[PDB]
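Trainee: The structure that follows is given in the form of structure tokens.
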Amino acid sequence: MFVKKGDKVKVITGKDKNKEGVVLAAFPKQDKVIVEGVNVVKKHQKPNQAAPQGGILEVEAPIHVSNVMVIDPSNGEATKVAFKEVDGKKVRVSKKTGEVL
Amino acid sequence: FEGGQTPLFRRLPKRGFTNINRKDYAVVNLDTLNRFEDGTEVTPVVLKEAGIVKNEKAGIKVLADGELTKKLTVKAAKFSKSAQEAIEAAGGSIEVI
RNA sequence: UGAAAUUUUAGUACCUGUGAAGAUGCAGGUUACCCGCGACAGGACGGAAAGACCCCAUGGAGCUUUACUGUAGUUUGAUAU
RNA sequence: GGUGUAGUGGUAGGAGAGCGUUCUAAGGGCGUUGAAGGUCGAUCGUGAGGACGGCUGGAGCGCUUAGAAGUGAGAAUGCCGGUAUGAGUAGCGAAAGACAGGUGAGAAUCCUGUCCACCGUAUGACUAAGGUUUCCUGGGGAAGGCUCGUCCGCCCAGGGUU
RNA sequence: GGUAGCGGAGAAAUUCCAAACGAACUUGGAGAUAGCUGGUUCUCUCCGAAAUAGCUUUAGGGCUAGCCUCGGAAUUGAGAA
RNA sequence: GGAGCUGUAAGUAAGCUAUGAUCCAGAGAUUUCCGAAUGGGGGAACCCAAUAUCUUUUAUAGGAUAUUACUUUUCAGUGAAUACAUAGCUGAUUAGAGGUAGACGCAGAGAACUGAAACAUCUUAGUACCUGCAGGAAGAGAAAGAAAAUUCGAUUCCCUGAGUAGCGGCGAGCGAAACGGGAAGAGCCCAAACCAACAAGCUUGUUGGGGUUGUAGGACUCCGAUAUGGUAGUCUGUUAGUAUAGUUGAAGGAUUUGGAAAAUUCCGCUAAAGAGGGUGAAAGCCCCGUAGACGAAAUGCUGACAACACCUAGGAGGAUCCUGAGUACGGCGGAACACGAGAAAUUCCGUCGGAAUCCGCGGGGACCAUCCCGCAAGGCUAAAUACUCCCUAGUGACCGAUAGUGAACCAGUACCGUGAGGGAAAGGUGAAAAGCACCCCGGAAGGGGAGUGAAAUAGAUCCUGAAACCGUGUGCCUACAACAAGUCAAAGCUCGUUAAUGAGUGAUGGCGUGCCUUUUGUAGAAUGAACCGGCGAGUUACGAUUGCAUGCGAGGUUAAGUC
Ligand SMILES: [K+]
Ligand SMILES: [K+]
Ligand SMILES: [K+]
Ligand SMILES: [K+]
Ligand SMILES: [K+]
Ligand SMILES: [K+]
Ligand SMILES: [K+]
Ligand SMILES: [K+]
Ligand SMILES: [K+]
Ligand SMILES: [K+]
Ligand SMILES: [Mg+2]
Ligand SMILES: [Mg+2]
Ligand SMILES: [Mg+2]
Ligand SMILES: [Mg+2]
Ligand SMILES: [Mg+2]
Ligand SMILES: [Mg+2]
Ligand SMILES: [Mg+2]
Ligand SMILES: [Mg+2]
Ligand SMILES: [Mg+2]
Ligand SMILES: [Mg+2]
Ligand SMILES: [Mg+2]
Ligand SMILES: [Mg+2]
Ligand SMILES: [Mg+2]
Ligand SMILES: [Mg+2]
Ligand SMILES: [Mg+2]
Ligand SMILES: [Mg+2]
Ligand SMILES: [Mg+2]
Ligand SMILES: [Mg+2]
Ligand SMILES: [Mg+2]
Ligand SMILES: [Mg+2]
Ligand SMILES: [Mg+2]
Ligand SMILES: [Mg+2]
Ligand SMILES: [Mg+2]
Ligand SMILES: [Mg+2]
Ligand SMILES: [Mg+2]
Ligand SMILES: [Mg+2]
Ligand SMILES: [Mg+2]
Ligand SMILES: [Mg+2]
Ligand SMILES: [Mg+2]
Ligand SMILES: [Mg+2]
Ligand SMILES: [Mg+2]
Ligand SMILES: [Mg+2]
Ligand SMILES: [Mg+2]
Ligand SMILES: [Mg+2]
Ligand SMILES: [Mg+2]
């Protein structure tokens, strides 16, 4: 997948449009991704998860990975991805510039 | 079916037979041949190439109903006598294949 | 606590007559405040069941026989082994 | 297109004109500023039927021409599903229970106890088959139990056959 | 344990053979056949019958004619009163 | 291949992973027990053994592994009546079993309902069913032919011939073939005469050589080539491709609405890519992908190319020999041929009888003669043809949850039945569980607030949410009235529209016996319907005929098949 854990990322669609953030986890079998600060839903929680009030948590729901646009780590302008065989090894590469990742 | 009443086919008699050696000839009635240029040679090959006769069943027979107006070296399997008269009178020539 | 058969819709009287010939429903006349409860069972040609009596079908099935046509077996002969 | 004359009851049935549904091809256009469908309207057309609005709804659908059909339902003792009717009616499936206490949100119905009644060549004790977990313990009362139920051969978690 | 349907068993009744046995049940041929009953869905307009003859192992079925409808055609306009 | 992975299936735990995981593909290993089940048995998924080695135990008992079914083929050893021997027995070997694909095709056996308006011949139908053999296809197949042309040259299949010729209680119905056109194309072996070798007992069994045919052929007698082409073969190899994993694969950002933009507007970009799908709504430019370009270590498959292997000869004579025997044929009885004994050729089965062989034999629809064509009684043979349990890629003027498979959901399930067997129902929250923390009533369920959410009258009976049916309230009317329950007129009362000779209700009066079916005729005491909703009946293929329309016109038109 063109998205991978440890990647600063821009969002394309949603109420959290134009926000940035990194990848906390990725679900390829759903083609979804989780992003800190984005889609922070308010979950009425029970205390069976070591939360001795039950309470109301705020946690990041997944996001569909097609609503996402990666960032150049050297430009800030968000881009699309190509795959290139550099040094024999296959890596992601920016469009709009040849920067890796 | 007439409701059990004796049907029309059953109350009537069978008649005749079929001759397996029957010769059924393809007919050309002498008004066609005003087509072809005088003096030429008419044949089953010519008639087929023109499209007049498509089925040379047993052979071409020529018959005289219409008026002939040409000299023609016609040839076929059989001619009728009136056709012979008309052709030979116009000035043609009968042959037989 | 909780069914069923039945059920075209129904604010479902009586006499006489009419009428697919025996009417809760049509007519004419009469009687009858509205809604129920318990009982009965005259009617709704009540329900149940495409009448088992009858007739029809060029229907079916079983059965009988000196009906027809055949046949398994039984018997006689010829021939082969 | 108009004027006149004459006609326009209708079954079986024949003929001709259509409305509507689904889909397709093309054209064109309408939809989160809310499509279809649903529902109410006192609307238009000779009829089949067609619009426009109000509320619902939440994503696909109309209009023109032509075409292809699983093309139109009120009956088939029709099929499937739903809900009525009878009707809160019959029935609640042979027999004796009463009381005090207790448990409990709640008790004719469960538990403990005392009297009482029933069986007793059995309504008792073994046991083959068959059933195949219904046995025991601890909880439960959603459903089942022809009532109820704190209870059960029901449900749930564990165990049990040497 | 044995007898199985063109059959078995029958102290024999047409009796029993897994809750209807004059020939079980099931599957297939099979959407059997049905001159028989029931049903057959939107509209308008034009016209509009018959229930008769003859024949029929035919009589509540069918065929032809008769009666209806539609299209064409021609003919000294025959048709009706 | 390159980072999340431990299925459905949440959730908890424990853990794995660039030391390259999960995942994907090829090959190999393990593969319990039943089942052909096969050591013996048995009520399948259980039991009990024999022999050899090894193991446990002080030793038994116990345990593991291997082998042990029957039948066929060959070989060997023993060996009865019975002497020789054979049978039999034992041991080694060899190849069969059984189910699939509810489909296709050869053979055996073989119905009836039905139609003939009854019915027996006949038809349905050599169908269904059963059984056997199978193969990817099978079967048929290289003329004892088709014809009448002196001519075509192996089978099969499509068109056509043709619904013709014929068959037929001359009824109902049945129904060809050849010619012609095409698809595909291929022809080969053997016995026999004779020759060489072996053997017993000059013939006669085995091996090899030879030789396969009809303008007759071969053996045999003479003349030279040692050739020349082909192959319907081989895990002989190589080579190339292809199937089974895959990789890459261009182009957009902002305004309005809105919860969300893919919609709207703005200017752009791209296209060997505007196929399709998904993405918070309808996206050419977000994603998967598409066009296009690359790629296989390993196992298969296909086709070529070399090696091996197998076939492959020519000209005269016919002195003599051979050229498929209980065979062809005939009689009787039956079948199949379109052909129902009929004038009945042809083919086949049973039975009985019973030929010649090159001056020979069979056919040309009884049969004889002439002519022509062919040479049986021995075998094989690809291709075009039929079918799909299945695999891959897909397509639809096919279905869209009473439809489409019986089954979109753990369906051949639950359930019914002793059993064979029959046989259901049941889909949709939301973009995302964010699925209602917390509070109150209550035993709980279930409600009410709060809160998430765009929306909760989207909260598990979850999108929409009709009707029947059950209710609540409210405007008008109703307790001297009989009424297929409406219609027409109409007072009074109450509301105010798709604003137009308005809506609702309705005292009271006049007229008026439901709908369907079937009937001479039904309000019907003749039939059907409890009601609502869904489903549910003149269609298609091939032909014929009539009309309408078009094209062409005494010429109008192709079928099959190829691209
Ligand atoms: K009564
Ligand atoms: K009888
Ligand atoms: K309908
Ligand atoms: K009869
Ligand atoms: K073959
Ligand atoms: K798209
Ligand atoms: K014959
Ligand atoms: K009235
Ligand atoms: K026509
Ligand atoms: K024409
Ligand atoms: Mg008669
Ligand atoms: Mg009477
Ligand atoms: Mg009377
Ligand atoms: Mg009246
Ligand atoms: Mg009472
Ligand atoms: Mg009755
Ligand atoms: Mg009756
Ligand atoms: Mg009229
Ligand atoms: Mg009138
Ligand atoms: Mg639609
Ligand atoms: Mg229909
Ligand atoms: Mg109905
Ligand atoms: Mg009562
Ligand atoms: Mg009791
Ligand atoms: Mg006693
Ligand atoms: Mg107990
Ligand atoms: Mg109860
Ligand atoms: Mg208990
Ligand atoms: Mg008797
Ligand atoms: Mg049949
Ligand atoms: Mg065994
Ligand atoms: Mg019959
Ligand atoms: Mg044919
Ligand atoms: Mg791309
Ligand atoms: Mg969408
Ligand atoms: Mg755009
Ligand atoms: Mg012969
Ligand atoms: Mg014979
Ligand atoms: Mg279904
Ligand atoms: Mg639905
Ligand atoms: Mg009075
Ligand atoms: Mg009053
Ligand atoms: Mg009345
Ligand atoms: Mg009635
Ligand atoms: Mg009724």
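How things are named: the first chain in the structure tokens is A, the next is B, and so on; residues count from 1 in each chain; ligands count from 1 in the order shown.
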Find the spatial neighbours of residue 63 in chain D, counting only C-alpha atoms (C1' of nucleotides), within a cut-off of 12 Å - ignore same-chain residues fewer than 4 positions away - and output them as an MDAnalysis selection string.

Mentor: chainID D and resid 27:30

Trainee: Counting only C-alpha atoms (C1' of nucleotides), collect the residues of chain B whose closest atom lies at most 10 Å from chain F, and write them out as a ChimeraX atom specification.

Mentor: /B:1,3-4,10,14,18,20,32,51-52

Trainee: Between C1' of residue 17 in chain D and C1' of residue 45 in chain E, what is the spacing in Å?

Mentor: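 These atoms are spaced 7.5 Å apart.
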
Trainee: With 12 Å as the cut-off and only C-alpha atoms (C1' of nucleotides) and all ligand atoms counted, what is the closest atom pair between each nearby residue of chain D and ligand 24? Distances in Å to one decimal, ordered by chain and number, as CSV.

Mentor:
```
residue,atom,partner,partner_atom_place_in_ligand_line,distance
D:91,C1',ligand 24,1 (Mg),11.6
D:92,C1',ligand 24,1 (Mg),7.6
D:93,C1',ligand 24,1 (Mg),5.8
D:94,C1',ligand 24,1 (Mg),9.0
D:95,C1',ligand 24,1 (Mg),10.4
D:146,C1',ligand 24,1 (Mg),8.9
D:147,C1',ligand 24,1 (Mg),10.8
```

Trainee: Next, the residues of the selection above should be written as a PDB file, in the first residue's frame with N, CA and C atoms (P, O5', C5', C4', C3', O3' and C1' of nucleotides).

Mentor:
```pdb
ATOM      1  P     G D  91     -66.113 -26.058  28.046  1.00  0.00           P
ATOM      2  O5'   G D  91     -64.552 -26.310  27.886  1.00  0.00           O
ATOM      3  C5'   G D  91     -64.083 -27.352  27.051  1.00  0.00           C
ATOM      4  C4'   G D  91     -62.591 -27.288  26.847  1.00  0.00           C
ATOM      5  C3'   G D  91     -61.743 -27.262  28.106  1.00  0.00           C
ATOM      6  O3'   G D  91     -61.517 -28.551  28.645  1.00  0.00           O
ATOM      7  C1'   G D  91     -61.022 -25.568  26.636  1.00  0.00           C
ATOM      8  P     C D  92     -61.393 -28.752  30.229  1.00  0.00           P
ATOM      9  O5'   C D  92     -60.041 -28.004  30.605  1.00  0.00           O
ATOM     10  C5'   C D  92     -58.810 -28.465  30.080  1.00  0.00           C
ATOM     11  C4'   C D  92     -57.650 -27.574  30.441  1.00  0.00           C
ATOM     12  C3'   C D  92     -57.449 -27.259  31.913  1.00  0.00           C
ATOM     13  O3'   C D  92     -56.749 -28.270  32.613  1.00  0.00           O
ATOM     14  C1'   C D  92     -57.260 -25.283  30.639  1.00  0.00           C
ATOM     15  P     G D  93     -57.524 -29.455  33.362  1.00  0.00           P
ATOM     16  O5'   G D  93     -57.579 -30.583  32.257  1.00  0.00           O
ATOM     17  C5'   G D  93     -58.522 -31.626  32.342  1.00  0.00           C
ATOM     18  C4'   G D  93     -58.067 -32.799  31.535  1.00  0.00           C
ATOM     19  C3'   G D  93     -56.847 -33.518  32.061  1.00  0.00           C
ATOM     20  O3'   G D  93     -57.108 -34.366  33.160  1.00  0.00           O
ATOM     21  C1'   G D  93     -56.592 -33.150  29.758  1.00  0.00           C
ATOM     22  P     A D  94     -56.311 -34.135  34.538  1.00  0.00           P
ATOM     23  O5'   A D  94     -57.207 -34.868  35.623  1.00  0.00           O
ATOM     24  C5'   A D  94     -57.621 -36.211  35.425  1.00  0.00           C
ATOM     25  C4'   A D  94     -59.108 -36.366  35.597  1.00  0.00           C
ATOM     26  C3'   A D  94     -59.551 -36.764  36.998  1.00  0.00           C
ATOM     27  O3'   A D  94     -60.830 -36.207  37.286  1.00  0.00           O
ATOM     28  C1'   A D  94     -60.141 -38.468  35.469  1.00  0.00           C
ATOM     29  P     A D  95     -60.968 -35.076  38.416  1.00  0.00           P
ATOM     30  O5'   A D  95     -60.401 -35.776  39.730  1.00  0.00           O
ATOM     31  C5'   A D  95     -61.267 -36.390  40.672  1.00  0.00           C
ATOM     32  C4'   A D  95     -60.503 -36.869  41.879  1.00  0.00           C
ATOM     33  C3'   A D  95     -59.608 -35.826  42.540  1.00  0.00           C
ATOM     34  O3'   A D  95     -60.307 -35.063  43.512  1.00  0.00           O
ATOM     35  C1'   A D  95     -58.357 -37.787  42.107  1.00  0.00           C
ATOM     36  P     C D 146     -48.116 -28.439  31.159  1.00  0.00           P
ATOM     37  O5'   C D 146     -49.125 -27.230  31.401  1.00  0.00           O
ATOM     38  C5'   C D 146     -50.366 -27.145  30.717  1.00  0.00           C
ATOM     39  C4'   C D 146     -50.486 -25.868  29.925  1.00  0.00           C
ATOM     40  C3'   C D 146     -51.127 -24.695  30.662  1.00  0.00           C
ATOM     41  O3'   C D 146     -50.577 -23.468  30.180  1.00  0.00           O
ATOM     42  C1'   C D 146     -52.407 -25.202  28.770  1.00  0.00           C
ATOM     43  P     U D 147     -49.825 -22.463  31.176  1.00  0.00           P
ATOM     44  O5'   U D 147     -50.977 -21.946  32.138  1.00  0.00           O
ATOM     45  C5'   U D 147     -51.908 -20.972  31.703  1.00  0.00           C
ATOM     46  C4'   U D 147     -52.421 -20.154  32.855  1.00  0.00           C
ATOM     47  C3'   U D 147     -51.356 -19.491  33.706  1.00  0.00           C
ATOM     48  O3'   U D 147     -50.900 -18.275  33.139  1.00  0.00           O
ATOM     49  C1'   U D 147     -52.948 -20.562  35.097  1.00  0.00           C
TER      50        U D 147
END
```

Trainee: Using only C-alpha atoms (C1' of nucleotides), tabulate the residues of chain E lying at most 6 Å from any atom of chain B, each with its closest atom pair and that distance in Å to one decimal, by chain and increasing residue number, as CSV.

Mentor:
```
residue,atom,partner,partner_atom,distance
E:56,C1',B:5,CA,4.7
E:62,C1',B:3,CA,4.5
E:63,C1',B:2,CA,3.9
```

Trainee: When the cut-off is 12 Å and you count only C-alpha atoms (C1' of nucleotides) and all ligand atoms, which residues lie near ligand 26, shown as a list in words?

Mentor: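 Residues satisfying the distance criterion: residues 133, 134, 135, 136, 137, 151, 152, 153 and 154 of chain D.
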
Trainee: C1' of residue 196 in chain F and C1' of residue 208 in chain F, how far apart in Å?

Mentor: 8.1 Å

Trainee: Give me, as a PyMOL selection string, the residues of range 17-95 of chain B that a backbone DSSP run labels strand (DSSP E).

Mentor: chain B and resi 26-28+41-42+60-62+73-76+78-79+95

Trainee: May I have the selected residues written with N, CA, C and O atoms, as a compact mmCIF listing (two decimals), in the first residue's frame?

Mentor:
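As written to disk, out.txt reads:
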```txt
# COMPACT_ATOMS: atom_id res chain seq x y z
N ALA B 26 -37.06 -28.35 -68.96
CA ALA B 26 -37.16 -26.94 -68.61
C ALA B 26 -37.57 -26.15 -69.84
O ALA B 26 -36.98 -26.29 -70.91
N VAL B 27 -38.55 -25.29 -69.67
CA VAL B 27 -39.32 -24.76 -70.78
C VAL B 27 -38.85 -23.36 -71.12
O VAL B 27 -38.63 -22.52 -70.24
N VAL B 28 -38.71 -23.10 -72.42
CA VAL B 28 -38.36 -21.78 -72.93
C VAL B 28 -39.31 -21.47 -74.07
O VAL B 28 -39.33 -22.18 -75.08
N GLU B 41 -25.46 -18.17 -80.98
CA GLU B 41 -25.67 -19.57 -80.64
C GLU B 41 -26.26 -19.64 -79.24
O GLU B 41 -25.60 -19.28 -78.26
N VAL B 42 -27.50 -20.11 -79.14
CA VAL B 42 -28.17 -20.28 -77.87
C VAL B 42 -27.89 -21.69 -77.36
O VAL B 42 -27.91 -22.66 -78.12
N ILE B 60 -33.37 -28.65 -71.94
CA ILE B 60 -34.20 -27.54 -72.39
C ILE B 60 -35.15 -28.04 -73.46
O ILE B 60 -34.73 -28.73 -74.40
N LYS B 61 -36.43 -27.71 -73.32
CA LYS B 61 -37.39 -27.81 -74.40
C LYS B 61 -37.83 -26.41 -74.78
O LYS B 61 -38.08 -25.56 -73.92
N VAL B 62 -37.95 -26.19 -76.09
CA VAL B 62 -38.35 -24.91 -76.65
C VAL B 62 -39.77 -25.04 -77.19
O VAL B 62 -40.10 -26.00 -77.89
N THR B 73 -29.07 -19.70 -84.07
CA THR B 73 -28.59 -21.08 -84.14
C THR B 73 -28.83 -21.71 -82.77
O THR B 73 -27.92 -21.88 -81.96
N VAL B 74 -30.07 -22.04 -82.52
CA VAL B 74 -30.53 -22.54 -81.24
C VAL B 74 -30.28 -24.04 -81.19
O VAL B 74 -30.31 -24.73 -82.20
N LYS B 75 -30.03 -24.54 -79.98
CA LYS B 75 -29.84 -25.96 -79.78
C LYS B 75 -30.22 -26.31 -78.35
O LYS B 75 -30.04 -25.51 -77.43
N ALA B 76 -30.75 -27.51 -78.18
CA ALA B 76 -31.40 -27.91 -76.93
C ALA B 76 -31.55 -29.42 -76.96
O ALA B 76 -30.96 -30.11 -77.79
N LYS B 78 -34.85 -30.93 -76.91
CA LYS B 78 -36.02 -31.20 -77.72
C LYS B 78 -36.65 -29.89 -78.14
O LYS B 78 -36.61 -28.90 -77.41
N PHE B 79 -37.22 -29.88 -79.34
CA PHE B 79 -38.02 -28.77 -79.82
C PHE B 79 -39.43 -29.25 -80.13
O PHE B 79 -39.65 -30.42 -80.45
N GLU B 95 -30.72 -27.47 -83.90
CA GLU B 95 -29.85 -28.59 -83.62
C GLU B 95 -30.37 -29.28 -82.37
O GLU B 95 -31.37 -28.85 -81.77
```

Trainee: Taking only C-alpha atoms (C1' of nucleotides) and all ligand atoms into account, report as a ChimeraX atom specification which residues have an atom no farther than 8 Å from an atom of ligand 36.

Mentor: /F:252,262,283

Trainee: For the residues selected in the previous step, produce a file with C-alpha atoms (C1' of nucleotides) as a PDB file, in the first residue's frame.

Mentor:
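Final file, selection.pdb:
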```pdb
ATOM      1  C1'   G F 252      -6.424  18.781 -10.246  1.00  0.00           C
ATOM      2  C1'   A F 262     -17.154  12.707  -6.589  1.00  0.00           C
ATOM      3  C1'   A F 283     -14.774  11.359  -9.774  1.00  0.00           C
TER       4        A F 283
END
```

Trainee: Enumerate, in order of chain and increasing residue number, the residues of chain F with an atom no farther than 10 Å from chain A, each with its shortest atom pair and distance in Å to one decimal, counting only C-alpha atoms (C1' of nucleotides), as CSV.

Mentor:
```
residue,atom,partner,partner_atom,distance
F:2,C1',A:90,CA,8.9
F:3,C1',A:4,CA,8.0
F:4,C1',A:26,CA,7.8
F:12,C1',A:49,CA,10.0
F:247,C1',A:83,CA,9.9
F:248,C1',A:83,CA,7.6
F:249,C1',A:82,CA,9.5
F:259,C1',A:15,CA,7.8
F:260,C1',A:14,CA,5.6
F:261,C1',A:13,CA,8.1
F:278,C1',A:66,CA,9.4
F:279,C1',A:66,CA,6.2
F:280,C1',A:14,CA,7.0
F:286,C1',A:66,CA,5.1
F:287,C1',A:66,CA,4.8
F:288,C1',A:66,CA,9.7
F:431,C1',A:14,CA,10.0
F:432,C1',A:61,CA,7.6
F:433,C1',A:43,CA,8.8
F:434,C1',A:41,CA,5.8
F:435,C1',A:44,CA,9.4
F:436,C1',A:44,CA,8.0
F:437,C1',A:44,CA,4.6
F:438,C1',A:55,CA,8.2
F:451,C1',A:44,CA,8.8
F:452,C1',A:42,CA,6.6
```

Trainee: Using only C-alpha atoms (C1' of nucleotides) and all ligand atoms, what are the residues with an atom within 9 Å of ligand 25, set out as a list in words?

Mentor: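 What falls inside 9 Å of ligand 25 is residues 120, 121 and 122 of chain D.
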
Trainee: How far is it from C1' of residue 19 in chain D to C1' of residue 71 in chain D, in Å with one decimal?

Mentor: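 Those two atoms sit 12.6 Å apart.
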
Trainee: Fewer than 5 positions away in the same chain doesn't count, so skip those; otherwise give me all residues within 12 Å of range 8-20 of chain E, counting only C-alpha atoms (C1' of nucleotides), as a PyMOL selection string.

Mentor: (chain C and resi 62-63) or (chain E and resi 2-3+25) or (chain F and resi 417-419)

Trainee: Residues of the last selection are to be written out with C-alpha atoms (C1' of nucleotides), as a PDB file, in the first residue's frame.

Mentor:
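Okay, this is what ended up in selection_2.pdb:
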```pdb
ATOM      1  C1'   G C  62     -60.881 -55.356 -10.091  1.00  0.00           C
ATOM      2  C1'   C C  63     -63.557 -59.792 -11.471  1.00  0.00           C
TER       3        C C  63
ATOM      4  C1'   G E   2     -38.073 -65.320   7.130  1.00  0.00           C
ATOM      5  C1'   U E   3     -41.857 -64.439   3.247  1.00  0.00           C
ATOM      6  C1'   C E  25     -45.304 -46.377  -0.455  1.00  0.00           C
TER       7        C E  25
ATOM      8  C1'   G F 417     -41.113 -40.076   7.313  1.00  0.00           C
ATOM      9  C1'   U F 418     -39.207 -46.993   9.670  1.00  0.00           C
ATOM     10  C1'   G F 419     -37.162 -46.191   5.015  1.00  0.00           C
TER      11        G F 419
END
```

Trainee: Could you list, as a PyMOL selection string, all protein and nucleic acid residues with an atom at most 8 Å from ligand 43, counting only C-alpha atoms (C1' of nucleotides) and all ligand atoms?

Mentor: (chain C and resi 25) or (chain F and resi 483-485+512-513)
